[PDB]
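Peer 1:
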Amino acid sequence: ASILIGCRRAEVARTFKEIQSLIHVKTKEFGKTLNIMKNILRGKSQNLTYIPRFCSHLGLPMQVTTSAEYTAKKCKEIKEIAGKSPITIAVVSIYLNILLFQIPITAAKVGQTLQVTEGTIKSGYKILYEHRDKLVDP
Amino acid sequence: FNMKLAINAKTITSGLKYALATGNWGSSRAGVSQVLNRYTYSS
Amino acid sequence: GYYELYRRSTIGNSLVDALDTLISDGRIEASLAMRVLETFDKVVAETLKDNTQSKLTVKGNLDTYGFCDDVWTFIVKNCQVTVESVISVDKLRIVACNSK
Amino acid sequence: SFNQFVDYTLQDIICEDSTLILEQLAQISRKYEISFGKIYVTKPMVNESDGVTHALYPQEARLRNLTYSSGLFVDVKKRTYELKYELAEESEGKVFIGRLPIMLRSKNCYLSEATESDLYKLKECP
Amino acid sequence: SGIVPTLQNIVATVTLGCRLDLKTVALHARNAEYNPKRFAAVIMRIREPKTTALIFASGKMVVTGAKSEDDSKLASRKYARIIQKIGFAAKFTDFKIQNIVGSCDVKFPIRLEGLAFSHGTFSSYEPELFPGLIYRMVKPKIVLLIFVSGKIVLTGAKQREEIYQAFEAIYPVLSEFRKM
Amino acid sequence: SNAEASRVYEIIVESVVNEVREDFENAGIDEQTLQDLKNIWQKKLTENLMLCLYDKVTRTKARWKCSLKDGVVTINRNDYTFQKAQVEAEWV
Amino acid sequence: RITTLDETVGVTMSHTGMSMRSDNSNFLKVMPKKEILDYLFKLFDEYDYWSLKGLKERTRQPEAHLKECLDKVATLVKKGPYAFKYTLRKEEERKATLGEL
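Residue numbers (the authors' numbering), protein chains in the order written: chain G, 174 to 218, 234 to 326; chain P, 442 to 467, 474 to 490; chain B, 5 to 88, 104 to 119; chain Z, 50 to 76, 84 to 138, 147 to 151, 153 to 157, 163 to 196; chain R, 61 to 240; chain W, 2 to 47, 241 to 286; chain D, 251 to 280, 294 to 352, 359 to 370.
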């Protein structure tokens with residue numbers, strides 16, 4: 174918990190899954206502890237960052253990354269499923285942006301590598317494809 | 442058991458980085480590392 | 005080991021009736037009758053385990069259900085039963116004992 | 050001298066003592089064992105705070121108060137015994167032990183292969 | 061506005077006043093389940109009002125699944141009668157509603173991140189862990205689950221007015237954070 | 002109507018009799034008494243009850259599903275024997 | 251020789267740090296009281312040493328309940344090869366007394 178906090182407060186981002194890879198917290202128990210800690214901090218008184241980090245894992249060009257950033261902001265405004273957690277949106281946003289460009293990752297490789305269910309990426313892709321009209325930076 | 446916890450990278454990494462920063466091999476040796484002299488290309 | 009539920013089956017009742025007769029009608033050693041039934045319990049179990057192929061499908065209204073002491077009791081009404104043919108039954112009683 | 054150390058010494062040091070076994074007792085006794093294989097060296101890289109990772113050319117390396125280094129990977133094969149009976154998980163791992171500083175112009179650094187105008191793009195005076 | 065929350069589940073407790081033999085209870089009831097190894101209570105059910113009861117050896121009983129307070133007391137009395145009919149010296153006492161759940165639809169999408177930022181001390185929102193925002197209201201002390209779709213869940217109430225009170229209090233806030 | 006049933010029934014009678022013979026001989030009763038048991042049992046043999247084992251029982255709302263195994267049923271005066279059975283029933 | 255990995259270097263680092271990928275390999279993943300007590304006592308004459316585990320396996324009761332009654336009949340030895348096992352100190362009369370109570 175304290176780690177994930179310091180990540181947040183540091184403007185860095187780490188996924189619940191990632192920390193979950195460093196430590197086995199059982200999940201739900203973790204959420205409750207994190208919330209109580211958050212409450213204590215208030216008493217003592234943002235997906236976007238994830239997008240470049242993922243490119244790293246894929247080693248994608250800069251233009252791809254910034255394209256993905258525009259894509260994330262545009263997708264969040266257009267609403268429609270509200271995101272179903274940010275992680276799915278960040279990965280799908282990428283998958284779109286890359287498929288725009290010629291650079292193959294195909295699908296299963298990104299689903300494995302980034303640990304997103306292939307069905308999830310394709311499902312996100314259909315709805316995202318529908319709004320292809322307004323997501324185009326130039 | 443999880444590999445990331447078992448292997449600690451800063452042991453080696455920060456170890457070497459430290460040593461070359463201080464230049465002390467241990474003291475058992477000291478001053479082995481020295482900042483380069485750019486006074487003149489000869490120097 | 006071996007549940008005694010199969011004694012309530014057509015083949016089980018028949019056995020009971022036969023033995024009861026040998027005991028009463030004759031002078032055939034009772035207690036041995038029990039020994040026989042103990043054998044029955046085991047045989048029906050292995051036979052139904054190793055000598056069956058059929059797969060049944062029962063679909064209908066659940067009139068009543070119940071659980072106590074590792075036994076599930078169901079009473080299905082207006083159901084269609086499929087063998088591997105389609106049969107219909109107004110009222111079917113099911114009694115099931117834990118496989119584990 | 051540094052190049053010889055990179056090509057040969059890392060492989061030999063890891064190879065000489067790699068094997069370590071755990072002795073497990075039960076009442084049946086048991087072993088666990090981990091070996092170190094062919095080591096792997098990278099090209100020089102940088103980990104930024106956010107976690108974006110990218111190649112490092114020395115110029116920038118100076119300006120940003122960085123350390124010019126490449127990562128090191130090791131092949132870890134893990135085994136389990138039960147007692148010489150052998151089960153275990155293998156292949157599939164390539165493990166990051168730590169970073170190794172890299173001497174400029176050596177075979178590992180990016181500049182050693184550069185040409186004149188090439189160097190000029192990177193702004194390292196030939 | 062015009063929207064009033066719909067009650068979805070009422071949980072109540074009843075003291076029967078006498079010890080019970082659970083195998084006996086499970087055996088004699090028409091709609092009972094009892095596996096000591098899984099949970100220490102007979103799970104009994106009745107068709108009208110459609111509810112489920114958790115019956116303990118101490119004679120205490122939890123009744124859940126009702127959609128109205130009337131239905132809760134009704135079904136509770138019914139379960140007590142069943143226990144009596146089976147033969148125990150049970151009494152219908154201490155009927156008390158412990159939890160009321162309600163829900164409604166405001167008919168517009170909500171900006172959860174904005175709401176969480178604005179009402180930070182009462183809010184908890186981790187969309188990767190659970191998609192809804194958990195809002196912990198002070199007065200009345202009710203917990204609300206707020207979703208992007210505009211569907212709202214209110215829980216933790218002991219009285220119906222608290223469900224109604226909380227929604228009235230939250231509506232202006234949901235409006236302030238609408239999407240269209 | 003089922004043939005597998007009659008076959009199973011036959012296996013049961015034959016199998017039980019031969020096993021029971023030891024005890025029968027021990028009790029010094031009579032081989033022909035054993036034969037009588039066999040003939041009477043088979044004679045008797047010539241109400242919609244299923245006896246079996248359960249692997250799993252589940253429920254979601256008022257929908258119940260059951261994975262039954264190794265059983266015997268009498269449906270409308272006919273007998274069936276099965277390896278597996280699936281029950282899909284809706285409670286109210 | 252030693253082989254230099256030539257990749258975009260991003261993939262290698264992603265695998266290094268927290269990758270959102272876990273597991274994929276495994277290494278060191280690591294009768295009523297009357298008849299119950301009477302039966303357990305017959306075991307005590309049958310075994311001068313036994314365990315709450317052996318008793319709980321027999322009686323299918325929590326070890327805590329088994330530990331209470333055993334304190335009355337049996338005593339514990341915590342030292343030696345038989346350590347953490349209860350040793351004893359008519360059996361039919363005790364069984365009939367258990368049946369009465």
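Built from N, CA and C at the ideal position, the CB exists for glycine as well.
Mind listing which residues of the segment 88-120 of chain Z have their C-beta closer than 8 Å to chain G's C-betas, in chain order?
Peer 2: Cβ contacts with chain G: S105, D106, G107, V108, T109 and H110.
Peer 1: Per DSSP, residue 227 of chain G forms a beta bridge with which residues?
Peer 2: Any structural detail on residue 227 of chain G is unavailable, because chain G resumes at 234 straight after 218.
Peer 1: Of all the CB atoms in chain Z, is at least one closer than 8 Å to the CB of P/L446?
Peer 2: Answer no: the Cβ-Cβ gap between P/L446 and chain Z never drops below 8 Å.
Peer 1: Can you name the start and end residues of the beta strand (DSSP E) that R/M104 belongs to?
Peer 2: Note, R/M104: beta strand (DSSP E), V102 to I106.
Peer 1: What are the start and end residues of the alpha helix (DSSP H) that includes R/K110?
Peer 2: Note, R/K110: premise wrong, no alpha helix (DSSP H); not H, not E.
Peer 1: Is the CB of D/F277 under 8 Å away from at least one CB in chain Z?
Peer 2: Closer than 8 Å: yes.
Peer 1: Per DSSP, which one or two residues make a beta bridge with W/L243?
Peer 2: According to DSSP, W/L243 bridges with B/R112 and W/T268.
Peer 1: Is the segment 197-207 of chain G close to the segment 240-255 of chain G, with three or more CB pairs under 8 Å?
Peer 2: No: fewer than three Cβ pairs fall under 8 Å.
Peer 1: Can you name, in chain order, every residue of its own chain whose Cβ lies under 8 Å from the Cβ of R/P187, other than the five neighbours on each side?
Peer 2: Same-chain partners within the cutoff: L172.
Peer 1: DSSP on D/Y345, reduced to helix/strand/coil?
Peer 2: In the structure shown, D/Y345 sits in coil (DSSP, three-state: anything other than H, G, I, E or B).
Peer 1: Buried or exposed, going by whether 16 or more other CB atoms sit within 10 Å of the CB of Z/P196?
Peer 2: Exposed, since its Cβ has fewer than 16 Cβ neighbours within 10 Å.
Peer 1: Using a Cβ-Cβ cut-off of 8 Å, state whether residue 143 of chain Z counts as contacting chain D.
Peer 2: Since the model of chain Z passes from 138 to 147 in one step, residue 143 of chain Z is not part of what is shown.
Peer 1: Can you tell which of R/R98, R/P96 and R/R79 has its C-alpha closest to the C-alpha of R/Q144?
Peer 2: Among R/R98, R/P96 and R/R79, the Cα nearest to that of R/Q144 is on R/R79.
Peer 1: What separation, rounded to the nearest whole angstrom, lies between the Cα atoms of D/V261 and Z/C179?
Peer 2: About 19 Å.
Peer 1: With DSSP as the reference, label R/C78 as helix, strand or coil.
Peer 2: It is coil, neither helix nor strand.
Peer 1: So, for D/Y349: in the same chain, excluding its five sequence neighbours on each side, which residues have a beta-carbon less than 7 Å away from its beta-carbon?
Peer 2: Taken in chain order, the residues that qualify are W313, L333, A337, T338 and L339.
Peer 1: Is there contact between the segment 128-140 of chain R and the segment 62-75 of chain R, where contact requires at least three CB pairs shorter than 8 Å?
Peer 2: In short, these stretches touch, since the Cβ pair count reaches three.
Peer 1: Quick one: which chain Z residues come within Cβ less than 7 Å of G/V185?
Peer 2: Within chain Z, the residues near G/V185 are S105 and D106.
Peer 1: Could you give the C-beta distance for D/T254 and Z/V97, rounded to a whole number, given that I count them as a contact under 8 Å?
Peer 2: D/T254 to Z/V97, Cβ: 6 Å. Contact.
Peer 1: Using a Cβ cut-off of 8 Å (strictly closer), state whether P/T452 contacts chain Z.
Peer 2: So, interface residue.
Peer 1: 8 Å is my cut-off, CB to CB: does G/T188 come that close to chain Z?
Peer 2: Cβ-Cβ to chain Z under 8 Å: no for G/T188.
Peer 1: Compare the C-alpha of D/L315 against each of D/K305, D/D308 and D/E331 and name the closest.
Peer 2: Minimum Cα distance to D/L315 is reached at D/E331.
Peer 1: Could you tell me the distance, in whole angstroms, from the CA atom of R/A113 to the CA atom of W/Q43?
Peer 2: Those two C-alpha atoms are separated by around 49 Å.
Peer 1: Which partner residues of R/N69 appear in the DSSP bridge assignment?
Peer 2: DSSP output for R/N69 lists R/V161 as bridge partner(s).
Peer 1: With 16 as the cutoff for other CB atoms within 10 Å, does Z/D61 come out buried or exposed?
Peer 2: Exposed is the call here.
Peer 1: For a contact meaning CB atoms closer than 9 Å, what does B/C72 contact in chain W?
Peer 2: Under the 9 Å cutoff, chain W gives no residues; its nearest Cβ is about 13 Å from B/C72.
Peer 1: Check the Cβ of P/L483 against every Cβ in chain Z and list those closer than 9 Å, keeping chain order.
Peer 2: Within 9 Å Cβ-Cβ: nothing; P/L483 doesn't reach chain Z, min ~11 Å.
Peer 1: Verify the CB distance criterion: does G/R241 have a CB-CB separation below 8 Å to chain Z?
Peer 2: It does; some Cβ of chain Z falls within 8 Å.
Peer 1: If we ignore side chains and look at the alpha-carbon of each, how far apart do R/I63 and R/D165 end up?
Peer 2: Going from the Cα of R/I63 to the Cα of R/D165 covers about 8 Å.
Peer 1: Determine the chain G residues that contact R/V208 at a beta-carbon separation under 7 Å, and present them in chain order.
Peer 2: Per Cβ cutoff of 7 Å: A270.
Peer 1: At the level of alpha carbons, what is the spacing between B/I27 and B/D21?
Peer 2: Roughly 10 Å between the two C-alpha positions.
Peer 1: Which residues in the same chain have their Cβ closer than 6 Å to the Cβ of R/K211, if we skip the five residues on either side of it in sequence?
Peer 2: Same-chain partners within the cutoff: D165.
Peer 1: So which residues of chain W does B/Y69 contact, with C-beta pairs closer than 9 Å?
Peer 2: The answer, in chain order, is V251, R253, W258, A283 and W285.
Peer 1: Compare the Cα-Cα distances from W/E284 to each of B/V47, B/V75 and B/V80 and report the closest residue.
Peer 2: Considering only alpha carbons, the answer is B/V80.
Peer 1: Could you please give the first and the last residue of the uninterrupted beta strand (DSSP E) stretch that includes R/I194?
Peer 2: Where R/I194 is concerned, the enclosing beta strand (DSSP E) stretches over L193 to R196.
Peer 1: Which one of G/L214, G/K272, G/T259 and G/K201 has the shortest CA to CA distance from G/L288?
Peer 2: Of the candidates G/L214, G/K272, G/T259 and G/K201, the one whose C-alpha sits nearest the C-alpha of G/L288 is G/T259.
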